[PDB]
Amino acid sequence: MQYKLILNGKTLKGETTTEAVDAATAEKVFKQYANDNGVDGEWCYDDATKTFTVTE
Ligand SMILES: *SCC1=CC(C)(C)N(O)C1(C)C
């Protein structure tokens, strides 16, 4: 499935996507994406829109 990440950081704001078999796996990918891009924040996930947010 295609999942979306919305980053709401102090400096980084944007959207990206990944393909994963379940939300747990997507979450791993996006937590790494956020960290790799210097973001350390508060997470939310709506399976009804396959969308994660990370907000600082
Ligand atoms: S908890 C904040 C949040 C993120 C997102 C998945 C986009 N949502 O629908 C709400 C607004 C609940």
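Side-chain atoms are counted along with the backbone in the values below, which use heavy atoms only and exclude waters and symmetry mates. Every number for a ligand or one of its atoms is a count from 1 in the order of the listing. This chain uses plain numbering: 1 for the first residue, then up along the sequence.
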Exercise. Flag yes if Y45 and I6 sit in one hydrophobic cluster, no otherwise; membership is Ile, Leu, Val, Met, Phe, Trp, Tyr, and two members link when side-chain heavy atoms are under 4.5 Å apart.
Key: no
Quiz item: Can you tell me if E19 uses its side chain to pair, donor with acceptor, with the backbone of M1 under 3.5 Å?
Solution: yes
Quiz item: Any idea which protein heavy atom is nearest atom 1 (S) of ligand 1, and the distance to it?
Solution: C44 SG, 2.0 Å
Quiz item: When you measure from atom 7 (C) of ligand 1 to each heavy atom in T53, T55, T49, which option holds the nearest one?
Solution: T53
Practice problem: Mind telling me whether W43 and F52 have parallel, tilted or perpendicular rings, with 30° and 60° as the class edges? | Solution: perpendicular
Practice problem: Using a strict cut-off of 4.0 Å, indicate which atoms of ligand 1 neighbour a heavy atom of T51. | Solution: 6 (C)
Quiz item: To the nearest 0.5 Å, what is the distance between CD (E56) and CG (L7)?
Solution: 9.0 Å
Quiz item: What is the distance from atom NZ of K10 to atom OG1 of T55, rounded to the nearest 0.5 Å?
Solution: 13.5 Å
Quiz item: Considering all protein heavy atoms, does one lie under 4.0 Å from atom 11 (C) of ligand 1?
Solution: no
Practice problem: Measure the distance from atom 9 (O) of ligand 1 to every protein heavy atom, then report the residue, atom name and distance (to 0.1 Å) of the closest one. | Solution: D46 OD2, 4.0 Å
